[PDB]
Participant: 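Below: one structure in structure tokens.
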Amino acid sequence: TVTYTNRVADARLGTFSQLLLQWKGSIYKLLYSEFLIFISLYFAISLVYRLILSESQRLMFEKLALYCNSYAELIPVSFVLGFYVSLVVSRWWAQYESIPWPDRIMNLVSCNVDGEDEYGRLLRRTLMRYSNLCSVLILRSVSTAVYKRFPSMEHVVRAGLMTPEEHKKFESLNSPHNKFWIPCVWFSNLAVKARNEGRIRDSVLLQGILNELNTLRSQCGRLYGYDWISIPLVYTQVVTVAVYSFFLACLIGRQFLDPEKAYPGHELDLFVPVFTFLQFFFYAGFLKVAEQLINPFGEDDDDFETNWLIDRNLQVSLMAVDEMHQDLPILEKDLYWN
Amino acid sequence: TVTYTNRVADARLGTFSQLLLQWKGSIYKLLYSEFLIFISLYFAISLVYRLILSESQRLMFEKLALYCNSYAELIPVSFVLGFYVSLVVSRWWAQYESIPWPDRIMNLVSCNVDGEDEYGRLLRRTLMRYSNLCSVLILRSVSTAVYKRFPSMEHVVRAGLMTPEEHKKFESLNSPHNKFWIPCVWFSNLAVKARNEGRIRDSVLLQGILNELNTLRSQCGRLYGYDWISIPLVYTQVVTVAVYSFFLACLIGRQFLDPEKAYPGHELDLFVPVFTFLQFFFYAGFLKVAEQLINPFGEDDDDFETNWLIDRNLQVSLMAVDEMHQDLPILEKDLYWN
Amino acid sequence: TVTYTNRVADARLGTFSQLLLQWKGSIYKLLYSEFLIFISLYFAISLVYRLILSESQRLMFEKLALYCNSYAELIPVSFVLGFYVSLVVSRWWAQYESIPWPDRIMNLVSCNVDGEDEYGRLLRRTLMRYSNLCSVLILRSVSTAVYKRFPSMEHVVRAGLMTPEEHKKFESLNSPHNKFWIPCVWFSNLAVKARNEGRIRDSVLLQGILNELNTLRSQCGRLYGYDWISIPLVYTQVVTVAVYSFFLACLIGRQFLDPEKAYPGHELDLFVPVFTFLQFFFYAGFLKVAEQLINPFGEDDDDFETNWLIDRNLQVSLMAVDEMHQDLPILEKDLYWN
Amino acid sequence: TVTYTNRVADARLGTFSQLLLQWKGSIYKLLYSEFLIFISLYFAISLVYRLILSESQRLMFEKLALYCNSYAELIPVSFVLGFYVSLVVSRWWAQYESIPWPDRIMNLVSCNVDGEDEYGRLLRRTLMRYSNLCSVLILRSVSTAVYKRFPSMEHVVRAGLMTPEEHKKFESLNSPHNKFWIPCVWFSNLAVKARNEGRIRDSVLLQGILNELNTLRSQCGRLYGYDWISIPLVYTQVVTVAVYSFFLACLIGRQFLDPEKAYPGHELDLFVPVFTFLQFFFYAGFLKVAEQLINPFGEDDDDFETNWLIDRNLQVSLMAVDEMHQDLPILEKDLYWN
Amino acid sequence: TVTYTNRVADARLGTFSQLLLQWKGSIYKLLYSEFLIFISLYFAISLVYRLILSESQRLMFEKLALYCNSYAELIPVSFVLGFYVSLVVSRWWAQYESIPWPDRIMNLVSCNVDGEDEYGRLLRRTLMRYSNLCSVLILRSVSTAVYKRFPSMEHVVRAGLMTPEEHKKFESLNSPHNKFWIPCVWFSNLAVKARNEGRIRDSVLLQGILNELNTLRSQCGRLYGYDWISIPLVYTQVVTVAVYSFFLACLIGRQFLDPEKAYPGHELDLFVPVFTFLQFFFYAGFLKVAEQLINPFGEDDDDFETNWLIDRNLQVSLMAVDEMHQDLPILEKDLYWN
Ligand SMILES: [Ca+2]
Ligand SMILES: [Ca+2]
Ligand SMILES: [Ca+2]
Ligand SMILES: [Ca+2]
Ligand SMILES: [Ca+2]
């Protein structure tokens, strides 16, 4: 993502005017190919009308340019595109909230799984590695940025997310479906094995760990839902005809006609339609935003930084359950005491 | 469903343009019958006006075509259809989230119901088979795709979802209503029977299993609500008059009139109304999407794959509580240790 | 309600066209009285203009018909009605979800309240009868269909929902307010009395029963909120002026004027305004839907079937805690065993 | 509030027509002062134009009346007011749901805090009086109807909500902020003192009481949020200019001009603009609803009855924990037994 | 924020009219710089047209002023700005609800962590200081008003939020990411250390404290999400072109043209466009509100008072766990006893 929240904290004059000079994650990078096609297709039809057509054939073009100008308003562009951008944005923030974070499990494994010896130290690191693995295996199913980092399961073993003894157990489990649910079952069987050896004290503390596992399992199930149940293809096909047929009609209808013929409306020749090129900037602008946010786990400039977030969650989890288990600072009287 | 999320991860040029060449789950398959009726009804009236009507009778058609062109805008098509598509889409994603998943019960039965012998192995499989049966019995009430797979309760016994001793107990329970709540009561009575025999250790662990049963019972109750409390029939009848009466008026009003009579607006004859056939493509396009998504448990190309999801949930549940009970991989020091 | 979900599972041709031939719960039953008043008021003014007014007085009517046609568009009908139908529909589904269901309490009372003797059998039936009574007493406050079934509290005793010893205790409790909260306090005092006699085993199992009581108490509190805090009367009065003053102006403005006077727009006489009668069908159509759904607990054809649902909840509750307490089917090896 | 839900249960003919004859809580009471100013300002300008201006000065008024009629449509009244009424209504129902109800705490204190002697009777009444006091102290901060009933804290002691020994402890606690959180801390310290004396049996039953305290603490925190974080003043100032500048332009632009001058549009003189006075009825109608619902805790006719609800919650709470502690009706076989 | 909720409790006449005379947090302070640029750019073009252009060059300006007046309506200002203000407002209230409050942890630490001696007094103050520190460290990442108060971590030690022994432990923990999660791990390790020393009685009471820690950890994670995942920059760049290009066209198109040339529409010269300056007041008015609310943690007049709220939460937390631990008022019979 491109974060600019620190720049728009106040509102003085050029609050948004300094943001339209930025290239990365901008409207100017998204529309740059579709704009130059629309400019070149416009100026081709303009130069053919002004140089190539004969006098008996220019008048045939003038009748089509007035027909296509009057009846292109029958294409309900704002109705069709306005409904579609509401679907993409409603699903956009709902998929950020479905990204699992280890920090609620991390608080409970760091304190309730006892032991400063090398076995309880191994037992807390394996729990938080199973919680991170249950999240990597769903992100490499829903994100093309995570999948290009981990193309095969051998790449997951090389990153330290999975030991080689766990890869043999992960392949011997024969299932034709997606196996992202495997480490979330290894977690709950290891947390019960930890209790039966005396590492977790009570069953109220065990069930509190198992409740945060199922919360993270529900987070992974939502990411599986938004990847599998797409926006309906019948909606995507309607909105790409509504935008493209509207500006296909604007290549004919928005031509500057001959002022000597004195048509109503076409009384001035300027050679560049500024208000048509602006109207392409907004109608095809919102279509290109919807193309970007329909899958926010790709490799756009403003998609979600999921390769970053895997690196954060692995380092923070194994820091809080290993280096921060009973390492507390000394209890001290603060500034306000009596 | 037709999933295309992997194809629209980035936004380069033809992000949505490559999706309008696909036939399965498309707008071209839905509108194919209504479009050819509207084309043929249009060209019939056009050829009757141009070949059959006399000169004193064409002028009567010209007056009706101008009346029906001016006052067909009194039909509030975008207001009526825009409200209706908001209802169908708001209920659409809310019914996907009501589909029950076994995976939260599956995590707790796989670890808390003890025993590696043949009785505790039988006890965990029967719990997860009652959770899957409490979901099949509501899906064959709300889905016509599941009902055509399981037309009678004898088909459920042949699929292994119900033993023949449970079908006798399911028929002896005399109730005139829907019996989808029966296996969710058998679950809670078997989980308490499991605790009283020592298989479940504490009552905190029993109540954690019973809380995930009632969460899955609330999921089945939402699917019962959306099937029984439909979108009101008075809304469905208004929107199918608003779309059909609008394009019934466009069979007369959008005719190409005689250019020799020099009417305002009808100065060009093209024999094919491109902007009327496009306007049918969007207004009757959104009506056909709403016809598809009003019951997303049918047999459309973009309805929910519920026969697939029953086969997934049965195989994954009986895998995690039978083959994955205490089968953990060996605890190993990972890549980051010291 | 009128359920048609089984008929619109697929979308072939006449998916919604077969639904506009149905009378029960239709737009044709709601608008039948307001339409015939609007037709008869229109044709009265039309026949008075064509037969009764003199030539010097018809020209006074022609000036008012052109004034009322041009400036009736100042009435913001779609803005006022479009906001109001959003309020009625947003509250409509939120009141279905507030209807309490016994099935989460029913799962926990059927398993955790022990005893096969006649006292534990009496103790489970009294708990589930207090949960159903705490729901009947709020439905007969919010529904006129339940109130006409149970006009007095003596009718509740005759239906078996309340024993005569409980009616004496229900009247001796002196409170000037609504007493729907009485059986939800009798539930929690009987569940603690059940634990202190050894019928409920632990306090974790007691608190799980008491948590589902307070969830059902929160359901009854939402039904009390939507009945008491109505849609504001100032909104209901504005929308019934916006629809009725608009079509009061259409009785004058949509008259067919004299074609011999050659007014702009009134060049054709057809004696029946098809696009005005259609415009009454949608603007007064959505007003009549909002009149139906503003209280979905009445006796309309598409209001909620609450007398049915009380009969379901009483039979299902006393079936699962009496006939299904420890009556489990025999544990059997299923089809997939080895 | 003005409740009319019992009157609109069905939809026959005059479902909403009988509601426009009611004065209390109506649009006719809200707009009565702004309407008579707008009528009198209109008829003053009309009588000055028809009686006072000279013939060379009436023509200057005719040019301004045509300028102000054409360009008053540049004021986006429906866009500005339609966004603002969505904010007021979205916050309106969310503040009713934030009003705390004692009935979930009331169910648990009435059963789990043991003792029929005068000390356990005193202990249950003090808990439910602290829960009601933690709600009165936030309602007299957010409601002007509760504050005029309890202007000082001495008025709270006179109503029985606070004993005089608790007022000394409430003043000795020195805090410069709002002290609505004080009785919610006294509750949790008294519930633990009740457990340490043996009145509450287990810690699972103690934590269930403390969880419903924090739910009621979260309800009071939401009422503190909506009172402190208002709708932004920049929104309130824009919408009161958009409505008032629009009808300031309608005092000039909607005048009936001279028919002898034959302006386009002003061909009929009627002396009363019915469609301008109706347009004031809806645009300034929705502004006056938003003025009423922006603080629903005031003293309007359709604000929330919070003085009523305090009197209900105090009587119902002290009834269920004192007169209904172990007072159960006799267990009896119901109508359906064998 | 600017609170005016106490002033709009009722709705009499000048309910909103008395609020448009206020300067702080007003539309007049936000638009004051952009308005004077738009006025001065308008009157410069007006005085150049009336004094500097020649007669053959004024007619060239008249043709551009009619072109830019007719086709500036192609810029979809209400569609582009209306979608953007819905995003800013939807995120606005969702970030107020993400601000963490200590009061649910404060209720449970004040009662369940035993001890009146100087060690249990030190133990409760350190828990509530870790909960407040876990909130300050995320607010100084998301707010520029908190960051200017605490620029470095040495400023946090000087305010009493962190003892100097905790700053050494906070720096020795080597992490390249944001460290707001550190005190929320110190909390859970100190609450378990408190239980193992006998200060917290049971594990049900420990897990209740740890559940409110993870609720406050989820609040801090939402504030991290809204700061990091901004509104997409491609949306911010489109709306600042849609507003600025529209009123760049209104500097030419809304000029008062020559009345002697008798153009359609430009028949009156008034030298001040009142309805253009009003149209700038609303379209650029809503843009400046969106500039203010896109980061509500800055230093605007109507941003969130977060430096105030830190001072409240620190004083209230250390008051309820130190001065209010077992300091209860005397149990007294209230006004309603027999
Ligand atoms: Ca993307
Ligand atoms: Ca379907
Ligand atoms: Ca009704
Ligand atoms: Ca008010
Ligand atoms: Ca700001």
Side-chain angles (χ1 to χ4, degrees), chain A residues 1 5-12 15-16 25 29-30 88 91-92 95-96 142-145 226-227 231 288-306, chain B residues 4-12 15-16, chain C residues 232 234, chain D residues 1 25 30 88 91-92 95 142-145 226-227 231-232 234 288-306, chain E residues 1 4-12 15-16 25 30 88 91-92 95-96 142-145 226-227 231-232 234 288-306:
Chain A
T1 59
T5 306
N6 208 165
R7 297 176 68 187
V8 292
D10 295 332
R12 67 282 189 197
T15 307
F16 289 170
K29 187 189 283 188
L30 289 178
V88 179
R91 293 165 64 94
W92 176 66
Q95 296 182 14
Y96 176 72
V142 309
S143 179
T144 62
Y226 287 108
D227 181 73
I231 293 169
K288 294 298 291 183
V289 184
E291 294 184 356
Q292 189 182 13
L293 301 177
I294 189 168
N295 190 0
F297 294 106
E299 286 175 346
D300 289 327
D301 288 330
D302 205 357
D303 286 337
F304 293 153
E305 291 177 352
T306 56
Chain B
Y4 60 94
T5 307
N6 208 165
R7 297 176 68 187
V8 292
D10 295 332
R12 67 282 189 197
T15 306
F16 289 170
Chain C
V234 65
Chain D
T1 60
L30 289 178
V88 179
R91 293 165 64 95
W92 176 66
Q95 296 182 14
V142 309
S143 179
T144 62
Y226 287 108
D227 181 73
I231 293 169
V234 65
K288 294 298 291 183
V289 184
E291 294 184 356
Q292 189 182 13
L293 301 177
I294 189 168
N295 190 0
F297 294 106
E299 286 175 347
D300 289 327
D301 288 331
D302 205 357
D303 286 337
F304 293 153
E305 291 177 352
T306 56
Chain E
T1 60
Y4 60 94
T5 306
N6 208 165
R7 297 176 68 187
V8 292
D10 295 332
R12 67 282 189 197
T15 307
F16 289 170
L30 289 178
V88 179
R91 293 165 64 94
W92 176 66
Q95 296 182 14
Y96 176 72
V142 309
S143 179
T144 62
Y226 287 108
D227 181 73
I231 292 169
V234 65
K288 294 298 291 183
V289 184
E291 294 184 356
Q292 189 182 13
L293 301 177
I294 189 168
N295 190 0
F297 294 106
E299 286 175 347
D300 289 327
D301 288 331
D302 205 357
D303 286 337
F304 293 153
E305 291 177 352
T306 56

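All values below come from the heavy atoms of this structure, side chains included, with hydrogens, waters and symmetry mates left out. Chain identifiers are assigned alphabetically (A, B, ...) following the order of the sequence lines, protein sequences preceding nucleic acid strands; residue numbering begins at 1 within each chain. Ligands are counted one by one from 1 in listed order, and the atoms in each one are counted from 1 as well.
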Participant: On a heavy-atom basis, which atom in E:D301 and which in E:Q292 lie closest, and how many Å separate them?
Facilitator: N-NE2, 4.4 Å
Participant: Once rounded to the nearest 0.5 Å, what's the spacing between atom CG of E:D303 and atom CH2 of E:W92?
Facilitator: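 Separation between the atoms: 10.0 Å.
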Participant: What's the shortest heavy-atom distance between A:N295 and A:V142, and which atoms?
Facilitator: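 Scanning both residues completely, I find the closest heavy atoms to be OD1-O, 4.0 Å.
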Participant: Quick check: do D:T1 and D:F304 have side-chain heavy atoms less than 4.5 Å from each other?
Facilitator: yes
Participant: Taking 3.0 Å as the limit, list every protein N, O or S atom around the Ca ion (ligand 4), by chain and residue number.
Facilitator: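 N, O, S partners closer than 3.0 Å: D:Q292 O, D:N295 O, D:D300 OD2, D:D303 OD1, D:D303 OD2, E:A9 O.
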Participant: Is any side-chain heavy atom of E:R91 closer than 4.5 Å to one of E:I294?
Facilitator: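 No, every pair of side-chain atoms sits at 4.5 Å or beyond.
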Participant: Could you tell me whether a side-chain N or O of E:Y96 sits under 3.5 Å from a main-chain N or O of D:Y226, the two making a donor and an acceptor?
Facilitator: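 Here the side-chain-to-backbone pair does not exist.
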